[PDB]
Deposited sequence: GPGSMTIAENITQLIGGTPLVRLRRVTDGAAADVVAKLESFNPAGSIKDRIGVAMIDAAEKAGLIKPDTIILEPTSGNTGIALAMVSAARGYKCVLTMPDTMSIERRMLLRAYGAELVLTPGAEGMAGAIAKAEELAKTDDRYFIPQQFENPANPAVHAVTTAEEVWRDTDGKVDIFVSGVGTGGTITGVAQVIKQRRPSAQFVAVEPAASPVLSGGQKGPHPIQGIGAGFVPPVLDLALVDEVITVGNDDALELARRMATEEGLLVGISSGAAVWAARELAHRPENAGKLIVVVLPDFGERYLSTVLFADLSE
C-alpha cells in the first residue's frame, strides 16, 4: 500500500508519453513521444543494462564480489555504472579516448573505472582483462533468438497500456535491433494493423532499403535481424540535430540527436496520407548534450 522503490534500479522504465504539438508541422496523424530520457541515468540503455545484470544475478554469474566489465561508447556504460553503484558492484568500462570529457566525468561520478583506448580496442581490452581475474563478468544480451529482448517486452507493454491498445505505428532507433524487433514481436499479434519503423542515423545529409551492420569485434560485424520491421527510415545528422533543437525550443523537450532523428522519421510518417488519423508512438532514447 506504500509506493517506495527499494533502490534506484526499480525506477528504470515506466517512462511517460507526451504529445508533440509543434514540431510535427501540422501533420494529420497524432505523434506521441516516449521519453526514455526519464530513466534514472537518462537513456533507454538503463533498461538493457539492468536486464543483463538481473539475468546474470538469476543465473548465478554475479556473486556479491563480482566485478562488472564492459566495452562501451556511450549510454550503455552510464546505465551499467548506475546499476553497479546501486547494487554495490565494482564497475570497469573500456572505451575509445574520443569519449567526451563530460561523459568520462559522469561515469567516474558513479564510481566507474575507465580504461581508455584509441571500437575493437575497447572490446579487445575488455576480453584481455577478463582473462586476468575470474571476478570479472562482462554483461551480454542473453535471450534465445526466438524470443524478444526482455527490455523490449516491458517497453512494449507500457506502450500497449498507455495507448489503451490504440498504437498504430511504433517508431524507434535501430540500436542493436532488440528494441524495435522485440516490440514488434509482442504487439503484432495483438494489433495486426500496427507498423514498426526503425530509424537509422547517417552522415550530415543522405535512401534505399538495406541490411545494416551491427557492432562487434573484427572486420565483419554481424548484420542486424530486422525481420519484423516494416520499414527503415535513414536520417541525416543535420536533419536530426535541427529537430532536436526544435524539440527543446518548441516543445520544452531537451533530447539528443537520436531523438531528433526519430522525430524526423515520425513526422515524415505522420504526413503520409495513408497514415492520417493514426496514433504514432516515437521513442526518444537519449538526453541532450551537444548544446
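* Gaps in the model, given as deposited-sequence positions counted from residue 1 -> Counting from residue 1, the stretches without coordinates are 1-3, 122-125, 214-218, 304-314.
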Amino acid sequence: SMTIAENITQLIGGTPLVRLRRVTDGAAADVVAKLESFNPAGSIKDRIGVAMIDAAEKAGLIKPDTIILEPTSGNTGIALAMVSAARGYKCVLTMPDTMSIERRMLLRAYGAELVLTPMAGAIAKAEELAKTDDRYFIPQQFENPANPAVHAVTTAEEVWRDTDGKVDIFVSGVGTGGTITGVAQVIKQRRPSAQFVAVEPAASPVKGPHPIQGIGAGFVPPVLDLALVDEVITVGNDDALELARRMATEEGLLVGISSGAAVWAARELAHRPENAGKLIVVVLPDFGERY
From here on, numbers count along this sequence of modelled residues.
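* Asked: So 244-252 or 66-74, which one's hotter by mean CA B-factor in the entry?
  -> Mean CA B-factor is higher for 66-74.
* Do the C-alpha atoms of 168-176 or of 123-131 have the higher average B factor in the entry? -> Here the higher of the two C-alpha B-factor means belongs to 123-131.
* Asked: Looking at 160, 136, 196, 89, which has the highest Cα B-factor in the entry?
  -> In the PDB entry, the greatest C-alpha B-factor among 160, 136, 196, 89 is found at 136.
* To do: Please pick out which of 259, 43, 234, 237 has the largest Cα B-factor as recorded in the entry.
  => Of the candidates given, the C-alpha B-factor peaks at 237.
* If you rank the chain by CA B-factor, which third does residue 204 end up in: lowest, middle or highest? -> Tercile = highest for this residue's CA B-factor.
* **Third of the chain, ranked by Cα B-factor, where residue 225 sits** => Ranked within chain, residue 225 CA B lands in the highest tercile.
* Asked: Relative to the other modelled residues in the chain, which third contains the C-alpha temperature factor of residue 105: lowest, middle or highest?
  -> As the PDB entry reports it, the C-alpha B-factor of residue 105 lands in the middle third of its chain.
* Grab the CA temperature factor for residue 29 from the record and place it in the lowest, middle or highest third of its chain. => Tercile = middle for this residue's CA B-factor.
* **Record-listed C-alpha B factor of residue 1: chain third** => For residue 1, whose C-alpha B-factor we compare with every modelled residue in the chain, the answer is the highest third.
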